[PDB]
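Report on one structure; see the data block that follows.
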Amino acid sequence: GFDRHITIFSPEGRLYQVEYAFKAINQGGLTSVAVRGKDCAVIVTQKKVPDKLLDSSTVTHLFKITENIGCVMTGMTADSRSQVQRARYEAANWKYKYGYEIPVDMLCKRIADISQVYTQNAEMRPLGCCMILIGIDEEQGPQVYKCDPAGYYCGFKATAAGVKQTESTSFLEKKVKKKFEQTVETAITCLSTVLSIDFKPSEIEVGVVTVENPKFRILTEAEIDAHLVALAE
Amino acid sequence: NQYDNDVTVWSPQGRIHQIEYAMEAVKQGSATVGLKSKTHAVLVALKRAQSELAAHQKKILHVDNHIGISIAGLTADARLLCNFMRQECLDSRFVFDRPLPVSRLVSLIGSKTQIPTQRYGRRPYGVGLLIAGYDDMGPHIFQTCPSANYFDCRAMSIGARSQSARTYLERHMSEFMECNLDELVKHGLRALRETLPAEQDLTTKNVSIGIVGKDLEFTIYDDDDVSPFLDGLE
Amino acid sequence: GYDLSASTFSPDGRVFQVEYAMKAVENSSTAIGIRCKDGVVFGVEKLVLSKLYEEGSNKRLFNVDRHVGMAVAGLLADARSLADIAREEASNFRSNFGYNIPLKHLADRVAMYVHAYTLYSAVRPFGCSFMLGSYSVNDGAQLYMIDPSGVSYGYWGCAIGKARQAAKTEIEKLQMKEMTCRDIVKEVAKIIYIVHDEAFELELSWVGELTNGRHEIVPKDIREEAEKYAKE
Amino acid sequence: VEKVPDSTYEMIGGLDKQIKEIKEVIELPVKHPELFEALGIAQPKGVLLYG
Amino acid sequence: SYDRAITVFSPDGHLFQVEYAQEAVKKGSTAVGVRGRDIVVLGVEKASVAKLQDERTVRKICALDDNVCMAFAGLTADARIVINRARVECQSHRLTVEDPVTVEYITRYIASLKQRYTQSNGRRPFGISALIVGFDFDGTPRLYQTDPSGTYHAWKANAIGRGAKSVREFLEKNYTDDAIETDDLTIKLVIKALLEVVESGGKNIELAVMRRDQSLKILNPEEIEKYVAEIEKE
Amino acid sequence: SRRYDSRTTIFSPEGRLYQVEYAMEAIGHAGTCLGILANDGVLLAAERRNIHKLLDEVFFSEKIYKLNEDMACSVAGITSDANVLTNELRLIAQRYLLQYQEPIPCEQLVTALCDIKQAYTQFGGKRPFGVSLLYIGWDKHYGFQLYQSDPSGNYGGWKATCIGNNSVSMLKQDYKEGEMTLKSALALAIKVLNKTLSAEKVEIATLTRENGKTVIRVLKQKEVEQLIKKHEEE
Amino acid sequence: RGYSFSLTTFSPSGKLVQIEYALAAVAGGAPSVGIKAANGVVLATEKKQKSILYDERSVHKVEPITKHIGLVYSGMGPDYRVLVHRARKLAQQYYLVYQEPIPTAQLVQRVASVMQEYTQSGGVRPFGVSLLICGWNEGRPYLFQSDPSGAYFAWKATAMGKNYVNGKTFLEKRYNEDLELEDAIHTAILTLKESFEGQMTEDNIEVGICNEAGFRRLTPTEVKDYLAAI
Amino acid sequence: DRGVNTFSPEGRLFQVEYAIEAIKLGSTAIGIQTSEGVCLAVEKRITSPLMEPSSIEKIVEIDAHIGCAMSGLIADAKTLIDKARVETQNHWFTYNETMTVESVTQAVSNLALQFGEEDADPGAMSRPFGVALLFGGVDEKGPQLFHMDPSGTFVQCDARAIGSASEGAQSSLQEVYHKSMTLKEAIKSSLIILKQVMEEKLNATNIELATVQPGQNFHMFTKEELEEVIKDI
Amino acid sequence: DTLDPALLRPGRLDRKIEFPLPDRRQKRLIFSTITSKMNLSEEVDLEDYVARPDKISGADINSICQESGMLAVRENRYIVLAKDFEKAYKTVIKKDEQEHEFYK
């Protein structure tokens, strides 16, 4: 009966809502690629303003969870801010409930788990946005994670998210088997080799964290402009 | 018609597909007409007799202490809505100790009948109120609707074939903001006397009217008291 | 039949109860809002049906918190509902945190309210696009616009309604940044009279240095001054 | 045409209860109907071979 | 928390869930009772409980408290709930007024209960039908027969089982004044009425009698045989 | 939504219950474990799942469950549900003790479980408990007794009834109702299971006593190799 | 909010349609073996990601329930993580009331109890994760498996996930009742080695043992050690 | 199917216009308000003759001076007859006086169109009350009878017929009543039942008649009074 | 799958030969042959792309190896070293599928 209507099991498994929710994150498509540095988890994404009538500062993906965790999401932007507000809620709730500021992994476990209970119960749709989110803890290096709308966080080096995910992860897989704090030949060049725009410093948003300075920083056209003119080797 | 399980759904053009059909369900109801002057607003209703004979299912209602209504649609649902409107109008008599203004009255019932339009498995309040009252400024008159979208109107007619009463009443707005009670209610009854099936009389039985405004309570004129309002031949 | 329920996706990921609500504001009149350096000027098209409705029969420029505004587009019942709970939301902010509500937080709050209201088969989505707008003494002339999907963007000259396909072009060709709002109140009528291609009894409200963070229907004099932009 | 049926006779690999029961109900109702019309039996017909 | 409205009006005024319960009482045992003017008497043709039953727990005949007792017919497991709630509120009505509780009141409680399950949100109104017999403070051996629509009738035969339209037309034919005696002609009328339907009482029938607010006595198959033999002898 | 509900608590147009008799066909797929009582105590006789080596040790099996000192139960049908309900009914047993300091005469327990299982098929919109489990027990009131229930809700004293596939008719030509002499009840149990066999693929369990307190034995391994050679012919 | 009607229901044949679909979603899951051994068990599983891109020290499939009980799955991804959350909570209710680490049998009672009501109770679909249990519990080790129905069985060896018929037949061939320590690990490795889709990488398998001192995951330097000793 | 709170492509609710049916099903009742009382009668349609006919309650006294007369789906009225008498003695309790008939009729008809699937606690109603009835009562205004619907619509009535004879008996009653009681409205109303006759010539076993007169409180007629009236016709 | 169920019947065919869409112990031999009729400069590896065994014919082995040579015609090269192998393979080394995480 209602296999493609309700989040229930069809025959041969394959519940037909999460891959209908995966196809929802490709709608429009403003595309993030995250770069990890043995000391610096940089963030990259592309962002297109339609008509020079939007306020370009207000449109972003690039949200800040706390003073150590940033995030970027490529899903349908209606479902984005409902998901990032609960992640801010569980970050501040972790810091009030368990003392120390939340490390990056089980935050993504927890929002992956409420996305699971979206895709476990009926009468709610699994909201279509995936959370590329970075951050540094005291013990290990910089980390990066992505919970999907099914709740399967992995623990990545360098995936991507949005339209043209496969070309991006193919480029990163071909360009990580060679061995990068500057990330000048990796971060932007995944975008400029996948979709071939060779950006001016407007349309790209970059959010770094460093081990020397773990505060999440969103960069501006000055430093990303020096970062782009460093592609003259 | 898969849009029959249907105050949650949208027709693919723009249509919510049954709370405009509740607007059909008050087009089906009996005809009435209210209007306003510069001083006092009036309400006039003809009452259908679908029986032996009756009080003809008395339409215009006492809610208030000068904020009177005129129902036209379901009657039990109308009485539920005027027990709401009645009870919180008396609650504003209780707490603030002033007359509740007519605009906040019609706005918060416009937020009360708006909730079942929103949620699941709950029909809209299929009744078209034609409320009228005299607050601090001039005597307002509000059509509200089962689509929860009221109108700060003047001289509105709703009910069965009430569009002809509107098109009489639209081309006779110039002699409003004057035209005292004795010549105003004549001007409303000859606006009502077009929704009738073209055979001759606004009788004293079926016509019940209501007057509200400066220095007079919302006053109901029933079977006897409508007889001093008599004129017109067409 | 992958339609008729907001908790069910399309086979290509497109929740049809949202895009059916989006055309449900595309069959309603325009309401443009133009930002400039001293505040945000609204202007709403009116489509006065009969002579029976008086002036301001239905308010479509509501206000919320004594400074942000509510130029709405779609169903006036739904827009009036989220208008009054926006009033309650800035009420809970001013009562709760004391400080007068910054508009970005109110647009994100009402935005996630109307978004989280589109995740359930037990509710319908709203059928009303609407926009906000104000400025504090150090805020800038912030305005935002919110779809029935729940997405909220900061704009300069956003326009929602039926003829927004026409209306976005003139606001784009109008000089946007550096003029002092009084002229653009006057210039708003030029946009409204162009996009009305058929009583057009329009209505304007703003917030500005002539207001100091408030709202007024115009005061009432540009209604006989911006009416003189007929014959253009 | 459907030359599928391949001539077979008695080379069945070790089935004797089965051939006793099918020969009990496939040549007795053909070549000796006389003891069925005097035994009170109406007619045996239709055999299901499940295996 | 299940809140779907099951028992809803279809077209032509037909409340299909209740008539589906009417086939559900049409597909049960064959219960029967006689108001015999000083005694009351039941009977329900039982199945093959001798092969391997326990006769103690095959009881279509129960007892409410001491005088009122009922014979259900249909679904035989939704009935036991109504037995339990009848016994509970029957003890509560011994708590308040302290009477040998009248049969009218407890059968109004049963009919009101089943009518309350023709109203609530999603709970399938019962497929049982009762024979509330008994007495009161002054003799009066009143019998009552309820219904899945919650309608109780104070009739005097009410064979309401599965093949019991023939039994109630037989009892329409053969119950005028010949059964006004103590027990023998009444019980003979019952065992004649169920021996119309099936076979001999050594395997099938079982009965119960009640005499003047004492001694609710069932009849073991040794005693039923004597009556059966008399009927056979006729 | 009302398009999505399975609507379990609906009568058929033939009057029956669709989700209930689908549980009755769930018993015929998987189910064994007859039970025989005697003048002495009562036994279950059961079958495990298959021949699959890969099974280390069951303390009690997945079939026979202990409930009190003087009761036990066996399970047919879906094994995931009944586990829950048997812990559920186990709670019932102990709280009767907490209310009465009695070892809960087993008909009280079967009545309670059948009332809650009837409550799951009455309302709530859920699927019924797909298990026709049965019970053995003793009380000081009655003798050794076994009861048998089903997902519909009714139950009974079912002196030799089996559950599951290949349905008990041979037992109602072989059981001597007066005296049974429980060793020969074991012999009849391995007769029936020998037609439908060591303790790799059988699970037989007896209930007996010594000096008043009941003893529930699960009939450890070598006793089965005794009884399996207690045949020649059968 | 909520539904309060069961979506799992009975077929006209007389069986649960959702539960056999759940066993289909289990049978399309990653293969995992579990071998009960004379002093201790081994629960191996197969972690094949999409590319060589992810952190193989980030997510686990062997993970304990708080004392000496690990549990490994095969099937749906995050429904497992819910069952670990519920299982740890039930083990800590038991630990705070009875002041001992939970017997493995009772943990399988309560995990099979919580997986049952998702075959009922208001719109929820059943989990579709047939995870299997280990545990030392006093004297002799235990092993179980809670199906998405809610049943559970104890044995000496099993497999699950992809092509588990070959795992059950192959473990039926090579099992001894005294086969106890690292030989079990050996045959577990050559049960995953049977298919694996290729090359038997130590970062793509992880095992967990219950060697009478608490369940513990094996470090990646120990699996590759016995992958050198193949 | 569709639910209960939906409007029909004719214009009205489904369950209400379906609740107008199952009033044609069921027995017929009539009532006549006069200037010195109000008479009610109902032919309660006994099925078998093996039985007791004087316990089919279709004339039910709400109070001493309000008597109702239901039809249609019988015994569905007992909850709202219960609400009628409980509301009646609540009015006499809190206000120490008699009532009107539009206050009991006002109070019962609020419960008619008050149902729904997903609402408050499950003690609410699912289907509307499929029983049409009319309260014959005497007041300090006057004797009067208020014909209810299952829609909650109640009207002033002086000569109203319900049940299956809602057309022929109503049209016959339309031409035979104008003046007053003077003892013969109760004999010119069972005459309408005499034209209605379904099974039996309207003896004192199959019709129940009761009048409410301003001098007395009510009078449910016994057998010899009824057959005293039937002898006069 | 739809041939005819009367085309065999032991007389018209009597046989049936499955062709396997080959795997590990065969795929290596296909690469060994098709590379054995080309110019190689031993920067290539053999079993690295025998690895990732995922749903190949022999025809697409001839496509990725033929495509490797033709992608080496860009720089007018008479051999193939590193990228044209890997390069063509990834480009059309099954132009991917569509996984599907969680289950698996």
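Chain lettering (A, B, ...) mirrors the order of the structure tokens, residue numbering begins at 1 for each chain separately, and ligand numbering begins at 1 in order of display.
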
As a tab-separated table (two decimals) with C-alpha atoms, in the first residue's frame, which residues of region 25-200 of chain H does DSSP assign to strand (DSSP E or B)?
```tsv
chain	number	residue	atom	x	y	z
H	28	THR	CA	-43.96	8.86	14.01
H	29	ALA	CA	-44.81	11.42	16.66
H	30	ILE	CA	-47.03	14.50	16.52
H	31	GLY	CA	-47.67	17.42	18.81
H	32	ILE	CA	-50.20	20.26	18.92
H	33	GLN	CA	-49.71	23.39	20.97
H	38	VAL	CA	-50.06	20.86	24.33
H	39	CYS	CA	-50.76	17.28	23.27
H	40	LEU	CA	-48.17	14.72	22.17
H	41	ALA	CA	-48.70	11.32	20.60
H	42	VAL	CA	-46.57	8.57	19.10
H	43	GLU	CA	-47.38	5.23	17.47
H	59	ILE	CA	-43.02	10.09	25.63
H	60	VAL	CA	-40.47	11.09	28.25
H	61	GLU	CA	-41.08	13.79	30.84
H	62	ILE	CA	-38.04	16.05	31.19
H	63	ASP	CA	-39.50	17.89	34.17
H	66	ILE	CA	-41.69	19.65	29.99
H	67	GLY	CA	-42.39	16.43	28.12
H	68	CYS	CA	-40.47	15.40	25.03
H	69	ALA	CA	-41.43	13.11	22.16
H	134	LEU	CA	-39.79	18.09	20.34
H	135	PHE	CA	-40.33	19.42	23.84
H	136	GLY	CA	-43.98	19.90	24.67
H	137	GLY	CA	-44.02	22.24	27.63
H	144	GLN	CA	-45.55	25.75	23.19
H	145	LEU	CA	-43.55	23.01	21.56
H	146	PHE	CA	-40.05	23.33	20.15
H	147	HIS	CA	-39.20	21.06	17.25
H	148	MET	CA	-35.52	20.18	17.18
H	154	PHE	CA	-34.83	24.29	16.91
H	155	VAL	CA	-37.98	26.20	15.98
H	156	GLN	CA	-41.18	27.42	17.58
H	157	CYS	CA	-43.96	25.05	16.67
H	159	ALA	CA	-48.40	21.75	15.00
H	160	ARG	CA	-45.42	19.61	14.04
H	161	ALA	CA	-45.05	16.04	12.78
H	162	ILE	CA	-41.88	13.95	12.86
```

Hey, what's within 8 Å of region 220-224 of chain G if we count only C-alpha atoms and toss same-chain stuff fewer than 5 positions away? As a PyMOL selection string, please? chain G and resi 202-203+205-207

How about saving the chosen residues, N, CA and C atoms kept, as a PDB file, in the first residue's frame?
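result-v2.pdb, freshly written:
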```
ATOM      1  N   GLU G 202      42.135  -4.403   7.177  1.00  0.00           N
ATOM      2  CA  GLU G 202      41.938  -4.319   8.618  1.00  0.00           C
ATOM      3  C   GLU G 202      41.129  -3.108   9.058  1.00  0.00           C
ATOM      4  N   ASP G 203      41.128  -2.028   8.288  1.00  0.00           N
ATOM      5  CA  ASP G 203      40.289  -0.880   8.591  1.00  0.00           C
ATOM      6  C   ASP G 203      38.836  -1.101   8.209  1.00  0.00           C
ATOM      7  N   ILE G 205      37.237  -4.144   8.849  1.00  0.00           N
ATOM      8  CA  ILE G 205      36.645  -5.068   9.805  1.00  0.00           C
ATOM      9  C   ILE G 205      36.991  -4.609  11.210  1.00  0.00           C
ATOM     10  N   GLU G 206      36.125  -4.954  12.153  1.00  0.00           N
ATOM     11  CA  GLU G 206      36.395  -4.768  13.568  1.00  0.00           C
ATOM     12  C   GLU G 206      35.724  -5.898  14.330  1.00  0.00           C
ATOM     13  N   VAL G 207      36.404  -6.385  15.360  1.00  0.00           N
ATOM     14  CA  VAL G 207      35.917  -7.505  16.150  1.00  0.00           C
ATOM     15  C   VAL G 207      35.804  -7.047  17.596  1.00  0.00           C
TER      16      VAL G 207
END
```

Please provide as a PyMOL selection string all residues within 7 Å of region 145-157 of chain A, with the sequence filter that same-chain residues fewer than 4 positions apart are discarded (counting only C-alpha atoms). (chain A and resi 18+21-22+36+108-109+112-113+115-116+119+126-134) or (chain G and resi 53-55+58-59+77-78) or (chain I and resi 102)

Restricting it to C-alpha atoms, dump the selection as a compact mmCIF listing (two decimals), in the first residue's frame.
```txt
# COMPACT_ATOMS: atom_id res chain seq x y z
CA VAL A 18 14.91 9.09 2.96
CA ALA A 21 14.57 13.34 1.18
CA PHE A 22 18.08 12.96 -0.24
CA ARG A 36 40.53 19.57 6.93
CA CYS A 108 26.26 15.43 15.16
CA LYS A 109 25.25 12.14 16.78
CA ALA A 112 21.48 12.66 13.62
CA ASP A 113 19.37 10.99 16.29
CA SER A 115 16.66 13.15 12.40
CA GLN A 116 16.39 9.40 13.03
CA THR A 119 12.51 8.94 9.93
CA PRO A 126 12.52 13.75 7.46
CA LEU A 127 13.67 17.30 6.82
CA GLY A 128 16.02 17.58 3.88
CA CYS A 129 19.27 19.18 4.96
CA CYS A 130 22.64 17.64 5.76
CA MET A 131 24.98 19.28 8.27
CA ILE A 132 28.60 19.64 7.28
CA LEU A 133 29.88 20.78 10.65
CA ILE A 134 33.46 21.22 11.81
CA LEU G 53 37.77 8.97 2.71
CA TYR G 54 36.20 8.54 6.12
CA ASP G 55 37.44 8.26 9.70
CA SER G 58 34.93 7.65 14.33
CA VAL G 59 31.90 5.35 14.21
CA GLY G 77 22.21 2.46 10.40
CA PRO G 78 20.80 4.79 13.05
CA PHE I 102 22.11 3.56 6.22
```

Residues of chain F within 9 Å of chain G, counting only C-alpha atoms, as a count of residues only: 37

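The list of residues with at least one atom within 12 Å of residue 49 (chain D), based on only C-alpha atoms and without residues fewer than 6 positions apart in the same chain, reads residues 18, 19, 21 and 22 of chain D.
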
Write out as a compact mmCIF listing (two decimals) with C-alpha atoms, in the first residue's frame each polymer residue whose atoms come within 7 Å of residue 201 (chain E), counting only C-alpha atoms; drop sequence neighbours fewer than 4 positions from it.
```txt
# COMPACT_ATOMS: atom_id res chain seq x y z
CA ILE E 205 -29.31 -27.85 25.70
CA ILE E 224 -32.84 -32.07 31.68
CA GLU E 225 -33.39 -35.56 30.33
CA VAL E 228 -36.84 -33.84 27.33
```

Residue 34 (chain E): which residues within 10 Å, counting only C-alpha atoms, same-chain residues fewer than 3 positions away excluded, as a list in words? residues 37, 39, 40, 41, 42, 43, 131, 133, 141, 142, 143, 155, 156, 157, 158, 159, 171, 175, 179, 186, 187, 189, 190 and 209 of chain E

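When CA of residue 159 (chain B) is paired with CA of residue 45 (chain B), their separation reads 9.8 Å.
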
Where does chain I meet chain G within 9 Å, residue by residue, with the nearest atom pair and distance in Å to one decimal for each, counting only C-alpha atoms, listed by chain and rising number, as CSV?
```
residue,atom,partner,partner_atom,distance
I:24,CA,G:198,CA,8.4
I:51,CA,G:198,CA,7.1
I:52,CA,G:198,CA,7.7
I:53,CA,G:197,CA,7.4
I:99,CA,G:50,CA,7.9
I:101,CA,G:77,CA,7.7
I:102,CA,G:77,CA,4.3
I:103,CA,G:76,CA,4.6
I:104,CA,G:29,CA,4.9
```

May I have the selected residues written with N, CA and C atoms, as a JSON list (two decimals), in the first residue's frame?
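Saved the output as again_0.json:
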```
[["chain", "number", "residue", "atom", "x", "y", "z"],
["I", 24, "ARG", "N", 36.74, -11.45, -9.86],
["I", 24, "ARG", "CA", 38.12, -11.39, -9.37],
["I", 24, "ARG", "C", 39.12, -12.31, -10.07],
["I", 51, "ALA", "N", 41.02, -4.59, -8.40],
["I", 51, "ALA", "CA", 40.33, -4.16, -7.19],
["I", 51, "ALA", "C", 39.34, -3.05, -7.53],
["I", 52, "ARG", "N", 38.50, -2.70, -6.55],
["I", 52, "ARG", "CA", 37.14, -2.19, -6.77],
["I", 52, "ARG", "C", 36.49, -3.12, -7.80],
["I", 53, "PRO", "N", 36.09, -4.36, -7.44],
["I", 53, "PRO", "CA", 35.33, -5.16, -8.41],
["I", 53, "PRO", "C", 33.85, -4.78, -8.43],
["I", 99, "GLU", "N", 24.80, 4.21, -4.74],
["I", 99, "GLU", "CA", 24.91, 3.55, -3.44],
["I", 99, "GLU", "C", 23.59, 3.23, -2.75],
["I", 101, "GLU", "N", 24.03, 4.53, 1.84],
["I", 101, "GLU", "CA", 24.16, 4.64, 3.28],
["I", 101, "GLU", "C", 22.97, 3.99, 3.96],
["I", 102, "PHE", "N", 22.74, 4.39, 5.20],
["I", 102, "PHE", "CA", 22.11, 3.56, 6.22],
["I", 102, "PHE", "C", 22.26, 2.07, 5.94],
["I", 103, "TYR", "N", 21.29, 1.49, 5.25],
["I", 103, "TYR", "CA", 21.36, 0.06, 4.98],
["I", 103, "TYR", "C", 22.61, -0.29, 4.19],
["I", 104, "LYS", "N", 23.66, -0.67, 4.91],
["I", 104, "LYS", "CA", 24.92, -1.05, 4.29],
["I", 104, "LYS", "C", 26.06, -0.18, 4.79]]
```

I need the chain H residues near chain F as a ChimeraX atom specification; criterion: at most 10 Å, counting only C-alpha atoms. /H:1-3

If you run DSSP on the backbone, which residues of region 33-175 of chain A are alpha helix (DSSP H), as a PyMOL selection string? chain A and resi 77-97+104-118+165-174

If we count only C-alpha atoms and set the cut-off at 12 Å, which residues sit around residue 45 (chain D), ignoring sequence neighbours fewer than 2 positions away in its own chain? Please answer as a VMD selection string. chain D and resid 22 24 to 30 41 to 43 47 to 48

Would you save the residues from that selection as a compact mmCIF listing (two decimals), in the first residue's frame, using N, CA, C and O atoms?
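Result file result00.txt:
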```txt
# COMPACT_ATOMS: atom_id res chain seq x y z
N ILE D 22 -0.89 -44.05 -8.35
CA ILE D 22 -1.34 -43.45 -9.61
C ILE D 22 -1.91 -44.52 -10.54
O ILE D 22 -2.92 -44.28 -11.20
N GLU D 24 -3.44 -47.01 -9.33
CA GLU D 24 -4.71 -47.19 -8.66
C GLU D 24 -5.75 -46.19 -9.16
O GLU D 24 -6.94 -46.51 -9.18
N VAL D 25 -5.34 -44.99 -9.57
CA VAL D 25 -6.36 -44.05 -10.06
C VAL D 25 -6.14 -43.52 -11.48
O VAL D 25 -6.61 -42.43 -11.80
N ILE D 26 -5.46 -44.26 -12.35
CA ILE D 26 -5.38 -43.80 -13.74
C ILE D 26 -5.65 -44.89 -14.77
O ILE D 26 -5.96 -44.57 -15.94
N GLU D 27 -5.59 -46.18 -14.45
CA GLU D 27 -6.02 -47.18 -15.42
C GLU D 27 -7.17 -48.03 -14.95
O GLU D 27 -7.86 -48.63 -15.77
N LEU D 28 -7.38 -48.12 -13.64
CA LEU D 28 -8.66 -48.62 -13.14
C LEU D 28 -9.86 -47.76 -13.56
O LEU D 28 -10.88 -48.34 -13.95
N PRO D 29 -9.82 -46.39 -13.55
CA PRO D 29 -10.99 -45.68 -14.09
C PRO D 29 -11.06 -45.62 -15.61
O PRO D 29 -11.95 -44.95 -16.15
N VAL D 30 -10.15 -46.28 -16.31
CA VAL D 30 -10.17 -46.34 -17.76
C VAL D 30 -10.49 -47.74 -18.26
O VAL D 30 -11.45 -47.95 -19.01
N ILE D 41 -18.85 -46.02 -6.21
CA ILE D 41 -18.00 -44.86 -6.43
C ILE D 41 -18.55 -44.09 -7.61
O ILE D 41 -19.02 -44.70 -8.57
N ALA D 42 -18.49 -42.77 -7.56
CA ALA D 42 -19.03 -41.96 -8.64
C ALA D 42 -18.05 -41.90 -9.81
O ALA D 42 -18.28 -42.51 -10.86
N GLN D 43 -16.91 -41.23 -9.61
CA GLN D 43 -15.78 -41.22 -10.54
C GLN D 43 -14.55 -40.61 -9.87
O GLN D 43 -14.65 -39.54 -9.27
N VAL D 47 -5.57 -35.59 -10.43
CA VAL D 47 -4.50 -36.01 -9.54
C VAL D 47 -3.53 -34.85 -9.41
O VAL D 47 -3.15 -34.26 -10.42
N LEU D 48 -3.15 -34.52 -8.19
CA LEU D 48 -2.18 -33.46 -7.96
C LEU D 48 -0.85 -34.09 -7.55
O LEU D 48 -0.79 -34.83 -6.56
```

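The interface of chain E with chain G at 10 Å, considering only C-alpha atoms, consists of residues 1, 2, 3 and 4 of chain E.
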